[PDB]
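The chain below stands alone, shown as structure tokens; this is the form deposited in one PDB entry.
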């Protein structure tokens, strides 16, 4: 038996809401150390890596490594039947072709029990080259979402320029161009309002806005986001999942 009881159900709701548009199907690599997902998106452009560590779960049980192939659109639909404050328990027999999802209200008067059909899929594998990056921008998650959205009216691509004297997002198109300059803070007082740049050398990279606008569906999961960049390698957009792990999205620059 695999069995994982997650007390804050909102978290799994949000993860599915952040993945279902970008990718339709993917295998859930389950083990004693946690749950891990790794997939390309459905247009073969970006890469996604999800991690939810075992200890994040209130109760956790994994007799042996499972791989469950999963339609995320169906999984999301089922999770929309969960409340935000439900305790969600995930359960699969060792080689069973189903995943049960139990949504307990907090007072135990209402209990829901769903049994999802798996789909049978060939796993993907990479993980990408772990790297020391030139720039690391930490910033509010709501601010990053709004920027990508604003600039998507102007252009299909965004140039992210970092230097010592700031970060800048620029886009360009048929109706013109725009530049959004977001200043580092010093003493912001809260921690989650900070804009901090860890800079080694200036960098200027171009990314497809369409894909960044997918990545920002993870905003509910965290109040900050970090962008790690270096020349000619994929951007990582990282959202922390409430002490349990993370959702990274990798994207090639143009060129």
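Shifts are known only where both forms have a C-alpha. In this text, rigid core is short for the largest set of C-alphas that superpose within 1.5 Å between two forms. Positions refer to the first chain, counted from 1.
As for the form deposited with a partner chain bound, it is not shown, yet the points below apply to it.
Heavy atoms of residue 233 reach within 4.5 Å of its partner chain in the entry with it bound, making it an interface residue. Although the partner is absent here, residue 7 is not a contact residue: none of its heavy atoms lies within 4.5 angstroms of its partner chain in the entry with it bound. Within 4.5 Å of some heavy atom of its partner chain in the entry with it bound lies at least one heavy atom of residue 128. Its partner chain is not drawn, but in the entry with it bound it has a heavy atom within 4.5 Å of residue 255. Large C-alpha shift between this form and the one not shown, rigid core held fixed: of 230, 42, 54, 213, this applies to 42 alone, with a displacement of 2 Å or more.
Taking only residues common to both forms and fitting on the rigid core, the CA shifts of 2 Å or more between this form and the one not shown cluster into a single run of 3 or more residues at 42 to 44.
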